[PDB]
């Protein structure tokens, strides 16, 4: 069939952002980090603008729109890179002009963190994750981000369903051959959350280094 909510997310999808790594600065630890920070920083801006285009999101209270975003942001970044990395082997595509393999990830000291990010890539590869599912899953993570101080819980739950129902209907139509594909998709979020938390902690930890 055609699904209203996925087609909107498809056109809501942001445009390619580039890391523009400074060629004047000599290859190093700080560099990789200075670039990813500025990259993430620039990504967030269009992620917020993106969030408004999610059906139902903009009818939430500003307090809740924030809470969901204050919770989810890293998850949305990480799923981002995970997706761009699907057709690659043991490499991560933070942007087209910044691709990290084992030995670069050694220099930045992100081996453990990127290896985690690759566990997520490794999984979605198996499933043949498709863009229609990527976008719908980003949305779901934002909505299911388990924030502690939601004002309107019902409104946020209803948003969760609308997105869930979208995934469900999509999979019912495009993947009848696996009646549990949708569930399988939702079962990959706990890793995304796990990995999200590490990244955050890792980020705040290195604000002393």
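Numbering follows the first chain given and starts at 1.
Note on 191 to 199 vs 11 to 19: mean CA B-factor is higher in 11 to 19. As listed in the deposited structure, the average C-alpha B-factor of 82 to 90 and of 103 to 111 is greater for 103 to 111. The PDB entry assigns its highest CA temperature factor, among 166, 155, 36, 142, to 155. Sort the chain's modelled residues by C-alpha temperature factor and residue 68 lands in the lowest third, per the entry. Among all modelled residues in this chain, the alpha-carbon of residue 127 has a temperature factor (C-alpha) in the highest third. The entry lists a Cα temperature factor for residue 171 that places it in the lowest third of the chain's modelled residues. For residue 62, the recorded CA temperature factor ranks within the lowest third of the chain's modelled residues. Among the modelled residues of the chain, residue 53 sits in the highest third by CA temperature factor in this PDB entry.
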